[PDB]
>>> print(open('target29.txt').read())   # compact mmCIF, C-alpha atoms
# COMPACT_ATOMS: atom_id res chain seq x y z
CA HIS A 7 -9.52 -19.30 -2.06
CA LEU A 8 -12.72 -20.57 -3.66
CA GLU A 9 -14.06 -17.03 -4.13
CA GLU A 10 -11.40 -16.17 -6.71
CA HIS A 11 -12.10 -19.40 -8.61
CA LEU A 12 -15.84 -18.69 -8.53
CA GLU A 13 -15.26 -15.15 -9.83
CA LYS A 14 -13.01 -16.44 -12.62
CA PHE A 15 -15.59 -19.07 -13.59
CA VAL A 16 -18.35 -16.43 -13.59
CA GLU A 17 -16.22 -14.14 -15.77
CA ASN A 18 -15.50 -16.99 -18.19
CA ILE A 19 -19.20 -17.87 -18.35
CA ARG A 20 -20.07 -14.23 -19.02
CA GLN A 21 -17.43 -14.05 -21.77
CA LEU A 22 -18.77 -17.24 -23.37
CA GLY A 23 -22.31 -15.87 -23.21
CA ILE A 24 -21.18 -12.60 -24.79
CA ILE A 25 -19.43 -14.54 -27.56
CA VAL A 26 -22.59 -16.58 -28.15
CA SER A 27 -24.85 -13.50 -28.13
CA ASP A 28 -22.58 -11.40 -30.37
CA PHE A 29 -24.25 -12.92 -33.43
CA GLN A 30 -27.93 -13.79 -33.88
CA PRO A 31 -28.81 -16.78 -31.65
CA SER A 32 -30.89 -19.40 -33.46
CA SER A 33 -31.50 -21.21 -30.15
CA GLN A 34 -33.49 -20.01 -27.14
CA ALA A 35 -32.43 -16.78 -25.44
CA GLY A 36 -32.90 -18.14 -21.91
CA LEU A 37 -29.36 -19.53 -21.72
CA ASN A 38 -27.89 -16.03 -21.41
CA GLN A 39 -30.42 -15.19 -18.68
CA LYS A 40 -29.53 -18.39 -16.80
CA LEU A 41 -25.82 -17.58 -17.10
CA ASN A 42 -26.48 -14.05 -15.80
CA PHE A 43 -28.44 -15.46 -12.86
CA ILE A 44 -25.61 -17.90 -12.07
CA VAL A 45 -23.11 -15.03 -12.29
CA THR A 46 -25.23 -12.95 -9.91
CA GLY A 47 -25.43 -15.85 -7.46
CA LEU A 48 -21.67 -16.38 -7.64
CA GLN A 49 -21.10 -12.65 -7.10
CA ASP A 50 -23.41 -12.75 -4.06
CA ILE A 51 -21.46 -15.73 -2.69
CA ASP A 52 -18.18 -13.88 -3.26
CA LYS A 53 -19.57 -10.77 -1.53
CA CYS A 54 -20.64 -12.88 1.45
CA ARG A 55 -17.19 -14.50 1.59
CA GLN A 56 -15.49 -11.09 1.43
CA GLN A 57 -17.75 -9.78 4.20
CA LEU A 58 -16.83 -12.79 6.34
CA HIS A 59 -13.11 -12.35 5.61
CA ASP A 60 -13.19 -8.57 6.30
CA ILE A 61 -10.33 -7.36 4.10
CA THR A 62 -9.21 -3.80 4.82
CA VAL A 63 -7.96 -1.72 1.88
CA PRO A 64 -6.83 1.92 1.53
CA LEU A 65 -7.81 4.42 -1.17
CA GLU A 66 -4.51 4.57 -3.10
CA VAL A 67 -5.12 0.91 -3.96
CA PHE A 68 -8.47 2.01 -5.39
CA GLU A 69 -7.03 4.67 -7.70
CA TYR A 70 -4.24 2.26 -8.65
CA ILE A 71 -6.82 -0.36 -9.67
CA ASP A 72 -8.76 2.37 -11.50
CA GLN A 73 -5.98 2.73 -14.08
CA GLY A 74 -5.49 -1.05 -14.17
CA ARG A 75 -2.17 -2.67 -13.25
CA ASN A 76 -0.92 -5.53 -11.11
CA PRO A 77 0.09 -4.56 -7.54
CA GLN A 78 3.53 -6.18 -7.95
CA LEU A 79 4.89 -2.99 -9.54
CA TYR A 80 3.42 -0.92 -6.70
CA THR A 81 5.04 -3.20 -4.11
CA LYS A 82 8.34 -2.89 -6.00
CA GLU A 83 8.03 0.90 -5.93
CA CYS A 84 7.21 0.87 -2.21
CA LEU A 85 10.20 -1.39 -1.53
CA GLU A 86 12.56 0.80 -3.55
CA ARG A 87 11.37 4.04 -1.93
CA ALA A 88 11.64 2.51 1.55
CA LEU A 89 15.14 1.30 0.66
CA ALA A 90 16.06 4.80 -0.55
CA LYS A 91 14.81 6.27 2.74
CA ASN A 92 16.81 3.64 4.64
CA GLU A 93 19.95 4.44 2.62
CA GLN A 94 19.68 8.19 3.24
CA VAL A 95 19.04 7.54 6.95
CA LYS A 96 22.14 5.32 7.01
CA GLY A 97 24.07 8.08 5.25
CA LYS A 98 23.07 10.76 7.73
CA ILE A 99 23.79 8.39 10.63
CA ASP A 100 27.29 7.56 9.40
CA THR A 101 28.03 11.22 8.66
CA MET A 102 27.07 12.35 12.16
CA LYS A 103 29.01 9.38 13.59
CA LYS A 104 32.17 10.27 11.68
CA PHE A 105 31.71 13.95 12.57
CA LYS A 106 31.54 12.97 16.24
CA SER A 107 34.64 10.79 15.86
CA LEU A 108 36.63 13.51 14.09
CA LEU A 109 35.69 16.16 16.65
CA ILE A 110 36.61 13.77 19.47
CA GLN A 111 40.03 12.91 18.02
CA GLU A 112 40.67 16.48 16.82
CA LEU A 113 40.49 17.97 20.33
CA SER A 114 42.01 15.11 22.33
CA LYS A 115 44.66 17.46 23.76
CA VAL A 116 42.41 20.05 25.43
CA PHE A 117 41.96 18.01 28.63
CA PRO A 118 43.34 14.44 28.75
CA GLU A 119 41.43 13.52 31.92
CA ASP A 120 38.09 14.49 30.36
CA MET A 121 38.79 12.29 27.33
CA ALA A 122 39.92 9.45 29.59
CA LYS A 123 36.69 9.65 31.60
CA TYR A 124 34.65 9.86 28.38
CA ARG A 125 36.34 6.75 26.98
CA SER A 126 35.91 4.88 30.27
CA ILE A 127 32.20 5.71 30.60
CA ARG A 128 31.53 5.52 26.82
CA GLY B 63 35.74 14.67 40.09
CA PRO B 64 32.41 13.66 38.60
CA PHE B 65 30.92 16.25 36.31
CA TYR B 66 27.66 17.87 37.28
CA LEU B 67 24.53 15.95 36.26
CA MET B 68 26.02 12.88 34.69
CA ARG B 69 23.58 10.01 34.25
CA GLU B 70 23.23 6.60 32.68
CA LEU B 71 23.02 6.32 28.91
CA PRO B 72 20.38 3.92 27.56
CA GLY B 73 20.78 0.24 26.70
CA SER B 74 23.66 -0.21 24.24
CA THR B 75 21.65 -1.11 21.11
CA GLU B 76 17.89 -1.04 21.55
CA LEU B 77 15.53 -0.52 18.63
CA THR B 78 16.86 2.30 16.46
CA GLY B 79 16.62 3.54 12.93
CA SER B 80 20.20 2.44 12.30
CA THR B 81 19.31 -1.23 12.06
CA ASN B 82 18.12 -2.87 8.87
CA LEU B 83 14.44 -2.62 9.74
CA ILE B 84 13.21 -4.80 6.87
CA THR B 85 15.48 -7.79 7.53
CA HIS B 86 14.61 -7.57 11.20
CA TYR B 87 10.94 -7.38 10.24
CA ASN B 88 11.21 -10.54 8.07
CA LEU B 89 10.30 -8.72 4.84
CA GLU B 90 13.55 -9.34 2.96
CA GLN B 91 12.49 -12.07 0.53
CA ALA B 92 9.45 -10.12 -0.67
CA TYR B 93 11.71 -7.19 -1.53
CA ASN B 94 14.25 -9.45 -3.23
CA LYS B 95 11.36 -10.78 -5.27
CA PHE B 96 10.09 -7.32 -6.08
CA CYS B 97 13.25 -5.32 -6.81
CA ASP B 111 0.53 -5.15 -15.38
CA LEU B 112 -1.89 -7.34 -13.46
CA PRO B 113 -4.48 -5.96 -15.78
CA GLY B 114 -2.25 -7.80 -18.29
CA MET B 115 -2.13 -10.70 -15.86
CA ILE B 116 -5.91 -10.28 -15.86
CA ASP B 117 -5.78 -9.78 -19.64
CA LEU B 118 -4.19 -13.21 -20.14
CA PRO B 119 -7.17 -14.86 -18.42
CA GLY B 120 -9.65 -12.87 -20.52
CA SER B 121 -9.52 -10.55 -23.53
CA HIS B 122 -8.43 -7.00 -22.63
CA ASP B 123 -7.94 -4.69 -19.67
CA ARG B 128 -18.26 2.67 -17.63
CA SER B 129 -15.03 1.39 -16.45
CA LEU B 130 -15.85 5.20 -15.59
CA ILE B 131 -19.13 4.11 -13.97
CA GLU B 132 -17.76 1.18 -11.98
CA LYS B 133 -15.12 3.41 -10.41
CA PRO B 134 -17.78 5.94 -9.39
CA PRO B 135 -19.81 3.13 -7.76
CA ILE B 136 -16.70 1.92 -5.95
CA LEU B 137 -15.70 5.48 -5.08
CA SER B 138 -18.53 5.96 -2.58
CA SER B 139 -17.58 2.74 -0.78
CA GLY B 146 -34.62 -13.14 -7.12
CA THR B 147 -32.28 -14.68 -9.67
CA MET B 148 -34.93 -17.04 -11.03
CA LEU B 149 -37.75 -14.52 -10.64
CA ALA B 150 -35.74 -11.83 -12.42
CA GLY B 151 -35.17 -14.06 -15.45
CA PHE B 152 -38.88 -14.81 -15.71
CA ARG B 153 -39.80 -11.11 -15.47
CA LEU B 154 -37.77 -9.91 -18.46
CA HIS B 155 -37.84 -11.50 -21.91
CA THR B 156 -35.47 -10.50 -24.72
CA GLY B 157 -36.34 -11.05 -28.37
CA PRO B 158 -33.92 -13.43 -30.14
CA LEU B 159 -34.05 -11.42 -33.37
CA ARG C 50 -12.85 -1.37 4.25
CA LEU C 51 -13.65 -3.68 1.34
CA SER C 52 -16.98 -4.90 2.77
CA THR C 53 -18.77 -1.60 2.09
CA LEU C 54 -17.26 -1.45 -1.40
CA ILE C 55 -18.37 -5.02 -2.11
CA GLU C 56 -21.91 -4.31 -0.88
CA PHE C 57 -22.11 -1.12 -2.97
CA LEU C 58 -20.80 -2.95 -6.05
CA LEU C 59 -23.35 -5.74 -5.55
CA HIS C 60 -26.18 -3.20 -5.19
CA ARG C 61 -25.05 -1.29 -8.29
CA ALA C 62 -24.77 -4.51 -10.31
CA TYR C 63 -28.23 -5.63 -9.18
CA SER C 64 -29.72 -2.24 -10.10
CA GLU C 65 -28.01 -2.31 -13.50
CA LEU C 66 -29.27 -5.85 -14.15
CA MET C 67 -32.82 -4.86 -13.19
CA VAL C 68 -32.68 -1.76 -15.41
CA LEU C 69 -31.34 -3.77 -18.36
CA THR C 70 -33.98 -6.48 -17.88
CA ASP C 71 -36.75 -3.86 -17.77
CA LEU C 72 -35.38 -2.03 -20.82
CA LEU C 73 -34.81 -5.14 -22.97
CA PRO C 74 -38.50 -6.06 -23.57
CA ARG C 75 -39.40 -2.46 -24.47
CA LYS C 76 -36.36 -1.86 -26.69
CA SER C 77 -35.64 -3.62 -29.97
CA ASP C 78 -33.48 -6.72 -30.30
CA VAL C 79 -30.32 -4.85 -31.34
CA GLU C 80 -30.61 -2.26 -28.55
CA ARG C 81 -31.30 -5.00 -25.99
CA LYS C 82 -28.26 -6.97 -27.19
CA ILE C 83 -26.06 -3.85 -27.01
CA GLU C 84 -27.28 -3.09 -23.48
CA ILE C 85 -26.69 -6.70 -22.39
CA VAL C 86 -23.15 -6.81 -23.77
CA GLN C 87 -22.37 -3.41 -22.20
CA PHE C 88 -23.67 -4.70 -18.85
CA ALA C 89 -21.53 -7.82 -19.33
CA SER C 90 -18.47 -5.64 -19.94
CA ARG C 91 -19.23 -3.58 -16.82
CA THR C 92 -19.66 -6.74 -14.73
CA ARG C 93 -16.37 -8.03 -16.15
CA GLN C 94 -14.70 -4.80 -15.03
CA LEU C 95 -16.20 -5.28 -11.57
CA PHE C 96 -15.00 -8.90 -11.53
CA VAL C 97 -11.43 -7.99 -12.48
CA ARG C 98 -11.44 -5.22 -9.85
CA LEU C 99 -12.55 -7.78 -7.25
CA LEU C 100 -9.88 -10.19 -8.49
CA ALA C 101 -7.19 -7.51 -8.15
CA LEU C 102 -8.44 -6.73 -4.63
CA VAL C 103 -8.38 -10.37 -3.52
CA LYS C 104 -4.94 -10.85 -5.08
CA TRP C 105 -3.57 -7.85 -3.19
CA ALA C 106 -5.31 -8.98 0.02
CA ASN C 107 -2.38 -11.28 0.87
CA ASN C 108 0.10 -8.69 -0.48
CA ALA C 109 -0.78 -6.11 2.19
CA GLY C 110 2.27 -6.76 4.38
CA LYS C 111 5.24 -5.23 2.56
CA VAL C 112 3.35 -2.03 1.73
CA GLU C 113 2.42 -1.66 5.41
CA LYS C 114 6.06 -2.22 6.42
CA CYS C 115 7.24 0.44 3.96
CA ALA C 116 4.54 2.85 5.15
CA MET C 117 5.37 2.43 8.84
CA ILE C 118 9.11 2.74 8.12
CA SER C 119 8.50 5.96 6.19
CA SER C 120 6.29 7.28 9.01
CA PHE C 121 8.92 6.43 11.63
CA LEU C 122 11.49 8.49 9.74
CA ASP C 123 8.93 11.26 9.19
CA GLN C 124 7.88 11.20 12.86
CA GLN C 125 11.54 11.22 13.81
CA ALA C 126 12.17 14.03 11.29
CA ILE C 127 9.80 16.36 13.14
CA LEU C 128 11.72 15.54 16.36
CA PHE C 129 15.22 16.44 15.18
CA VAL C 130 14.11 19.78 13.73
CA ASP C 131 12.10 20.55 16.87
CA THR C 132 15.19 20.01 19.02
CA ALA C 133 17.18 22.24 16.66
CA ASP C 134 14.43 24.85 16.79
CA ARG C 135 14.49 24.82 20.58
CA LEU C 136 18.24 25.40 20.57
CA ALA C 137 17.80 28.19 18.03
CA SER C 138 14.99 29.73 20.06
CA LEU C 139 17.04 29.69 23.26
CA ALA C 140 20.02 31.44 21.71
CA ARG C 141 17.80 34.17 20.29
CA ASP C 142 15.71 34.85 23.41
CA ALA C 143 17.15 33.24 26.56
CA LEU C 144 20.67 34.55 25.96
CA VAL C 145 19.48 38.13 25.53
CA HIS C 146 17.70 38.28 28.89
>>> encode(input="target29.txt", output="structure tokens")
Amino acid sequence: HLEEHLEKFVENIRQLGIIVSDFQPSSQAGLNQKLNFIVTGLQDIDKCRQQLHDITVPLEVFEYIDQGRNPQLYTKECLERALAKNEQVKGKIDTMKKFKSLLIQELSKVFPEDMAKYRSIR
Amino acid sequence: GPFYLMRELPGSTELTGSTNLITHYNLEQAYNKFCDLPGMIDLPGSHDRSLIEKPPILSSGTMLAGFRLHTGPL
Amino acid sequence: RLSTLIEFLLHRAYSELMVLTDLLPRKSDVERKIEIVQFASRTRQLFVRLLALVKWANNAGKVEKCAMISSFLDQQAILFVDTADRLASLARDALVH
């Protein structure tokens, strides 16, 4: 959206102002103040846009941003852990299924009519 | 003949945990993509009270201001 | 949940800007410059945090799917053990009576 572009432009303006003010400025010092005011206005606009959009975020995202890292790795980790949970669930499901099948075929001779009715009803 | 207290088993395959829940929930291509952004952020800028900002985020007059404070050039 | 964080960040940034503006005229040129560049670095940190938030804002689907899938299994996990526990409880007490 336009809010991200405004934030990037404000950050670039702040970086340029910091680069200009790193040494002694022979020109007037009001340019940095004007850039700071523009950055504050852009931040206010971005805050208003975020309030309108109403994004909901958890805390784990906050401590993940605190260290500093793109969320793509976190989404990869979530996908791989969900896939691992799915694989172990599939494993337990197929093990109980094969256990049921082996106990059914193992004791097929105890009462043929019961097995016939079980197969018919299924 | 009939055994005591037989009843009807549920619908043959309703929603279970034995299905592939992700591919049914249309999330496959994101995973196939996925399987630092500070660095991503770093490319745009330089590098990536960072102690102070976190604390501020943990809890959760532009023209006039400029006129009010004057900073010596040298 | 990000609206309160954004409002708090805006208030903190405004307070820091006001404090720096008040301190700059009283302090010397070098101290004022150091305070201004430190405030610029802090605002840059806030900006990159906001950028990370708004980049993840559209990437909130897959994490939610993984979380609900994990909960389903976890919710289910309590159920299988509970059924097993009931069977175990019955053998121990109901059979004896």
>>> atom_distance(input="target29.txt", atom1="CA of residue 70 in chain A", atom2="CA of residue 84 in chain C")
27.9 Å
>>> interface_residues(input="target29.txt", of="chain A", to="chain B", cutoff="8 Å", atoms="only C-alpha atoms", output="PyMOL selection string")
chain A and resi 18+21+30-32+34-36+39-40+43-44+46-47+72+74-79+81-82+85-86+92+95-96+99
>>> atom_distance(input="target29.txt", atom1="CA of residue 8 in chain A", atom2="CA of residue 57 in chain A")
14.3 Å
>>> residues_around(input="target29.txt", residues="residue 29 in chain A", least_positions_apart="4", cutoff="10 Å", atoms="all atoms listed in the file", output="number ranges by chain")
A: 24-25; B: 159; C: 82
>>> write_last_selection(input="target29.txt", atoms="C-alpha atoms", output="CSV table (one decimal), keeping the file's coordinate frame")
chain,number,residue,atom,x,y,z
A,24,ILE,CA,-21.2,-12.6,-24.8
A,25,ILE,CA,-19.4,-14.5,-27.6
B,159,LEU,CA,-34.0,-11.4,-33.4
C,82,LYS,CA,-28.3,-7.0,-27.2
>>> interface_residues(input="target29.txt", of="chain C", to="chain B", cutoff="6 Å", atoms="all atoms listed in the file", output="ChimeraX atom specification")
/C:53-54,70,73-74,78
>>> residues_around(input="target29.txt", residues="residue 119 in chain C", least_positions_apart="3", cutoff="12 Å", atoms="only C-alpha atoms", output="ChimeraX atom specification")
/A:84-92,94-95 /B:79,83-84 /C:112-116,122-126
>>> residues_around(input="target29.txt", residues="residue 99 in chain C", least_positions_apart="6", cutoff="12 Å", atoms="all atoms listed in the file", output="PyMOL selection string")
(chain A and resi 9-14+17+49+52-53+56+61+63+67-68+71-72+74) or (chain B and resi 113+116+132-133+136) or (chain C and resi 51-52+54-56+58-59+92-93+105-106)
>>> atom_distance(input="target29.txt", atom1="CA of residue 16 in chain A", atom2="CA of residue 38 in chain A")
12.3 Å
>>> closest_residue(input="target29.txt", among="A:110, A:127, A:51, A:122", to="chain C", atoms="all atoms listed in the file")
A:51
>>> closest_residue(input="target29.txt", among="A:121, A:19, A:113, A:108", to="chain C", atoms="all atoms listed in the file")
A:19
>>> decode(input="target29.txt", residues="range 74-99 of chain A", atoms="N, CA, C and O atoms", output="PDB file, in the first residue's frame")
ATOM      1  N   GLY A  74      15.089  -9.230  15.023  1.00  0.00           N
ATOM      2  CA  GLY A  74      15.278  -8.675  13.697  1.00  0.00           C
ATOM      3  C   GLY A  74      15.540  -9.730  12.645  1.00  0.00           C
ATOM      4  O   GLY A  74      16.679 -10.181  12.481  1.00  0.00           O
ATOM      5  N   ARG A  75      14.494 -10.110  11.911  1.00  0.00           N
ATOM      6  CA  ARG A  75      14.576 -11.160  10.904  1.00  0.00           C
ATOM      7  C   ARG A  75      13.279 -11.160  10.110  1.00  0.00           C
ATOM      8  O   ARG A  75      12.217 -10.869  10.660  1.00  0.00           O
ATOM      9  N   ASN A  76      13.382 -11.478   8.821  1.00  0.00           N
ATOM     10  CA  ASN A  76      12.203 -11.530   7.975  1.00  0.00           C
ATOM     11  C   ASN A  76      11.272 -12.667   8.403  1.00  0.00           C
ATOM     12  O   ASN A  76      11.729 -13.721   8.857  1.00  0.00           O
ATOM     13  N   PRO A  77       9.955 -12.470   8.286  1.00  0.00           N
ATOM     14  CA  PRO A  77       9.005 -13.508   8.721  1.00  0.00           C
ATOM     15  C   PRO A  77       8.939 -14.715   7.800  1.00  0.00           C
ATOM     16  O   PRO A  77       8.212 -15.667   8.117  1.00  0.00           O
ATOM     17  N   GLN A  78       9.656 -14.706   6.675  1.00  0.00           N
ATOM     18  CA  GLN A  78       9.632 -15.850   5.768  1.00  0.00           C
ATOM     19  C   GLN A  78      10.215 -17.092   6.430  1.00  0.00           C
ATOM     20  O   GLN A  78       9.689 -18.198   6.261  1.00  0.00           O
ATOM     21  N   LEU A  79      11.300 -16.927   7.191  1.00  0.00           N
ATOM     22  CA  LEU A  79      11.877 -18.053   7.919  1.00  0.00           C
ATOM     23  C   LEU A  79      10.913 -18.582   8.974  1.00  0.00           C
ATOM     24  O   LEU A  79      10.816 -19.797   9.178  1.00  0.00           O
ATOM     25  N   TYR A  80      10.199 -17.686   9.662  1.00  0.00           N
ATOM     26  CA  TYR A  80       9.223 -18.117  10.653  1.00  0.00           C
ATOM     27  C   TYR A  80       8.073 -18.879  10.005  1.00  0.00           C
ATOM     28  O   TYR A  80       7.593 -19.878  10.557  1.00  0.00           O
ATOM     29  N   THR A  81       7.607 -18.418   8.844  1.00  0.00           N
ATOM     30  CA  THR A  81       6.555 -19.142   8.135  1.00  0.00           C
ATOM     31  C   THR A  81       7.054 -20.500   7.652  1.00  0.00           C
ATOM     32  O   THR A  81       6.307 -21.482   7.680  1.00  0.00           O
ATOM     33  N   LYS A  82       8.310 -20.571   7.208  1.00  0.00           N
ATOM     34  CA  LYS A  82       8.904 -21.855   6.842  1.00  0.00           C
ATOM     35  C   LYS A  82       8.947 -22.802   8.036  1.00  0.00           C
ATOM     36  O   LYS A  82       8.635 -23.993   7.905  1.00  0.00           O
ATOM     37  N   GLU A  83       9.339 -22.291   9.204  1.00  0.00           N
ATOM     38  CA  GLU A  83       9.387 -23.123  10.405  1.00  0.00           C
ATOM     39  C   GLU A  83       7.995 -23.591  10.812  1.00  0.00           C
ATOM     40  O   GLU A  83       7.813 -24.751  11.203  1.00  0.00           O
ATOM     41  N   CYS A  84       7.002 -22.701  10.732  1.00  0.00           N
ATOM     42  CA  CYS A  84       5.630 -23.094  11.038  1.00  0.00           C
ATOM     43  C   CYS A  84       5.135 -24.159  10.071  1.00  0.00           C
ATOM     44  O   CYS A  84       4.497 -25.139  10.483  1.00  0.00           O
ATOM     45  N   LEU A  85       5.429 -23.993   8.779  1.00  0.00           N
ATOM     46  CA  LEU A  85       5.025 -24.979   7.786  1.00  0.00           C
ATOM     47  C   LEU A  85       5.682 -26.328   8.047  1.00  0.00           C
ATOM     48  O   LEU A  85       5.023 -27.369   7.966  1.00  0.00           O
ATOM     49  N   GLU A  86       6.975 -26.326   8.382  1.00  0.00           N
ATOM     50  CA  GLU A  86       7.666 -27.594   8.585  1.00  0.00           C
ATOM     51  C   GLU A  86       7.212 -28.285   9.870  1.00  0.00           C
ATOM     52  O   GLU A  86       7.092 -29.513   9.909  1.00  0.00           O
ATOM     53  N   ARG A  87       6.905 -27.515  10.924  1.00  0.00           N
ATOM     54  CA  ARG A  87       6.432 -28.151  12.150  1.00  0.00           C
ATOM     55  C   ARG A  87       5.003 -28.662  11.992  1.00  0.00           C
ATOM     56  O   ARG A  87       4.660 -29.734  12.511  1.00  0.00           O
ATOM     57  N   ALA A  88       4.165 -27.939  11.240  1.00  0.00           N
ATOM     58  CA  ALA A  88       2.824 -28.436  10.952  1.00  0.00           C
ATOM     59  C   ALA A  88       2.883 -29.681  10.076  1.00  0.00           C
ATOM     60  O   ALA A  88       2.096 -30.614  10.263  1.00  0.00           O
ATOM     61  N   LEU A  89       3.815 -29.713   9.123  1.00  0.00           N
ATOM     62  CA  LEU A  89       3.990 -30.901   8.295  1.00  0.00           C
ATOM     63  C   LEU A  89       4.485 -32.082   9.120  1.00  0.00           C
ATOM     64  O   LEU A  89       4.065 -33.217   8.890  1.00  0.00           O
ATOM     65  N   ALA A  90       5.383 -31.837  10.075  1.00  0.00           N
ATOM     66  CA  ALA A  90       5.843 -32.912  10.954  1.00  0.00           C
ATOM     67  C   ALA A  90       4.699 -33.459  11.802  1.00  0.00           C
ATOM     68  O   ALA A  90       4.576 -34.679  11.982  1.00  0.00           O
ATOM     69  N   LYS A  91       3.859 -32.569  12.336  1.00  0.00           N
ATOM     70  CA  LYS A  91       2.691 -33.016  13.089  1.00  0.00           C
ATOM     71  C   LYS A  91       1.736 -33.811  12.206  1.00  0.00           C
ATOM     72  O   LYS A  91       1.194 -34.837  12.631  1.00  0.00           O
ATOM     73  N   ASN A  92       1.532 -33.361  10.966  1.00  0.00           N
ATOM     74  CA  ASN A  92       0.695 -34.104  10.029  1.00  0.00           C
ATOM     75  C   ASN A  92       1.278 -35.479   9.719  1.00  0.00           C
ATOM     76  O   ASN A  92       0.532 -36.456   9.634  1.00  0.00           O
ATOM     77  N   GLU A  93       2.598 -35.565   9.544  1.00  0.00           N
ATOM     78  CA  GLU A  93       3.224 -36.853   9.248  1.00  0.00           C
ATOM     79  C   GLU A  93       3.114 -37.814  10.421  1.00  0.00           C
ATOM     80  O   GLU A  93       2.856 -39.010  10.227  1.00  0.00           O
ATOM     81  N   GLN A  94       3.311 -37.332  11.653  1.00  0.00           N
ATOM     82  CA  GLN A  94       3.178 -38.247  12.786  1.00  0.00           C
ATOM     83  C   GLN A  94       1.722 -38.648  13.011  1.00  0.00           C
ATOM     84  O   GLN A  94       1.453 -39.784  13.426  1.00  0.00           O
ATOM     85  N   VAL A  95       0.774 -37.751  12.718  1.00  0.00           N
ATOM     86  CA  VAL A  95      -0.638 -38.123  12.793  1.00  0.00           C
ATOM     87  C   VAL A  95      -0.968 -39.170  11.733  1.00  0.00           C
ATOM     88  O   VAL A  95      -1.693 -40.142  12.001  1.00  0.00           O
ATOM     89  N   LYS A  96      -0.436 -39.000  10.524  1.00  0.00           N
ATOM     90  CA  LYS A  96      -0.625 -40.006   9.481  1.00  0.00           C
ATOM     91  C   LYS A  96      -0.008 -41.336   9.887  1.00  0.00           C
ATOM     92  O   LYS A  96      -0.580 -42.402   9.632  1.00  0.00           O
ATOM     93  N   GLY A  97       1.156 -41.290  10.539  1.00  0.00           N
ATOM     94  CA  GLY A  97       1.794 -42.513  10.994  1.00  0.00           C
ATOM     95  C   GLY A  97       0.978 -43.248  12.034  1.00  0.00           C
ATOM     96  O   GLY A  97       0.783 -44.465  11.947  1.00  0.00           O
ATOM     97  N   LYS A  98       0.473 -42.518  13.037  1.00  0.00           N
ATOM     98  CA  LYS A  98      -0.345 -43.174  14.052  1.00  0.00           C
ATOM     99  C   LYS A  98      -1.644 -43.704  13.450  1.00  0.00           C
ATOM    100  O   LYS A  98      -2.098 -44.797  13.815  1.00  0.00           O
ATOM    101  N   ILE A  99      -2.228 -42.965  12.499  1.00  0.00           N
ATOM    102  CA  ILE A  99      -3.455 -43.415  11.848  1.00  0.00           C
ATOM    103  C   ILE A  99      -3.218 -44.707  11.075  1.00  0.00           C
ATOM    104  O   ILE A  99      -3.989 -45.664  11.193  1.00  0.00           O
TER     105      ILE A  99
END
